[PDB]
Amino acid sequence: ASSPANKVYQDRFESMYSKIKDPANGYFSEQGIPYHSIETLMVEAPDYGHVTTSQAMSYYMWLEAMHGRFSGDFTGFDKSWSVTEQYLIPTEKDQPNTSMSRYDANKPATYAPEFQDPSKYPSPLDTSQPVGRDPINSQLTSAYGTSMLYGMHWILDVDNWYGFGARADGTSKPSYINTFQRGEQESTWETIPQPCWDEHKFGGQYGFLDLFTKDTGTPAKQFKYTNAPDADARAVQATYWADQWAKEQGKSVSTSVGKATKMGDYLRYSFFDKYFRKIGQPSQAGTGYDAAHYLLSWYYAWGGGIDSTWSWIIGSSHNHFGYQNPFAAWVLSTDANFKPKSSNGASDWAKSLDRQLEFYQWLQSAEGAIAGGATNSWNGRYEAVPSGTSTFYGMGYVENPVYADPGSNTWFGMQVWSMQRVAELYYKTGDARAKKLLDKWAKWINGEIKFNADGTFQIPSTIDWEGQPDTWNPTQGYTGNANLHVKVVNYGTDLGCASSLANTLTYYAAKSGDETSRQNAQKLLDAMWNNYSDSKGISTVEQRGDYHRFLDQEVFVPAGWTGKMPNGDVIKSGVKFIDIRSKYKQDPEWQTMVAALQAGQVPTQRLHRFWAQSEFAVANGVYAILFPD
């Protein structure tokens, strides 16, 4: 039987769970897929509210697992896995084994450079540049009996709003799509949405392919998908708890544990340099594991031909601390129930766990906040690392990994999402490395939480950085990074971030006994419950400072290139964001948004983001379990 839980917070979790699953609230599509947000006029990472993300699915798993903990019913958790596999993990039809089985482990992909401005794309493929060897593919095909990959594609157009349909039929739903393709300066406002399955039916003469990559001959019809590593790791994290909670009640989620273990096996592709170049010696092709940084990178992607048989896979050279998950690594490398079937799965994850904790410590600022990350591909072209730049195993420090518009590490959210995983690990194992990181990080954040007399509160929203960490010497360890500083630019009341923060502090307090952390966590949860509840969960009014880009952001299109979006929108040089998404004008909030822009005001919205609502729910459950009295 499961231990007793605090009745007050369990009830709050149960209430949120009901609001999230309530058909009248509209968090899910008719197929049972959760939307990024109830509201459709939404641009921030995805560019439409009713697309879904692997991030949303992993939060859906966490929510249902927690529900299973309190109700004893785990059919919902098993259902979240069923929906994931059916809709976000490309099936046999979406990534034909005929093409995947032609993959060549000695030549994973063809090199192409990355540019710091979208106008430099398409990027030219260069077969003469070296590419290392893929050491894990043989392990995976042997263990699973297929060349297809088992990982979640990161974004899905749930109701076929864009019109690409399924495998180019233009009418089926959901629809696999992708957006980001052109480097660090290509914000969510500067992309050209494209289908994952490109048969040249939409877009230009060769679909959307030659907008991004330039080859010698005619572009072939092809498919391609991109994984968001932190989402798949969260899925493993959530499944571990579901397993633990199910067993305390004599229940079983065996089938789901198997899916999560397999996903974690394939997730190892994020451990590798984009083109398998040796870590620390980017000019040389790797000979296998010497190309593994063992961190959860920004992504791993794969694709192949549709009418001809060939395929490729790439890792990523860019690493952000916000994506790490020491807990998932601990699970996959130590729990017998989650041991991957591949020969080196568990051991590789053991190496990743140690490497990840070194990464966090190397990046810990003088104050306590965690700095950006590192890359094995300076400027995305394996250029020489500037002299004076600090390094981590030969990789150069980057303040804002992968994206600069806006900086990927200027949002406070990354801090709590990532440190929450460190807190779970510390809670379960009492690991000294984790304790050291949290003692300093928790003292920093506890001094930045502001409670107002009227019950509202504020926490860091936007942050900035100065300096860099000292070069990492594994035998020396943390130097204190006296020249690395974080600065809080402004504060806000992001309910998702505040919930994740409460979660982190609760796990930490439960293990360390730190009263300050426990009372701040409870005050946060109470303040949100008492002052921000509405009929759909919780919400607050927030400013959408970037919405002016709906109308004034020009989207780059190569000279002479012309094409059409499924709905007829013309794609050509000169178009603005709204020009290739004209359906947005039929959105209920459109007129309101435009009226505000015309009056020179900043638009505001009251948003219900799926991950935020779940984050709040889960945080209540976690508190209920760790502080039953």
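Heads up: residue numbers just count along the shown sequence, starting at 1.
Remark: stretch with higher mean C-alpha B factor among 67-75 and 289-297 is 67-75.
The mean Cα B-factor in the deposited entry runs higher for 443-451 than for the other of 128-136 and 443-451. Of all the options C497, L267, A242, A384, the entry's greatest CA B-factor is assigned to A384. Ranking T506, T375, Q222, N483 by Cα temperature factor from the entry places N483 first.
When the modelled residues of the chain are ordered by their C-alpha B factor, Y478 lands in the highest third.
Among all modelled residues in its chain, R167 ranks in the middle third by Cα B-factor. For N567, the recorded CA temperature factor ranks within the middle third of the chain's modelled residues.
Placement of the Cα temperature factor of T592 within the chain: middle third of the modelled residues, per the deposited record. In this PDB entry, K262 carries a Cα temperature factor that places it within the lowest third of its chain's modelled residues.
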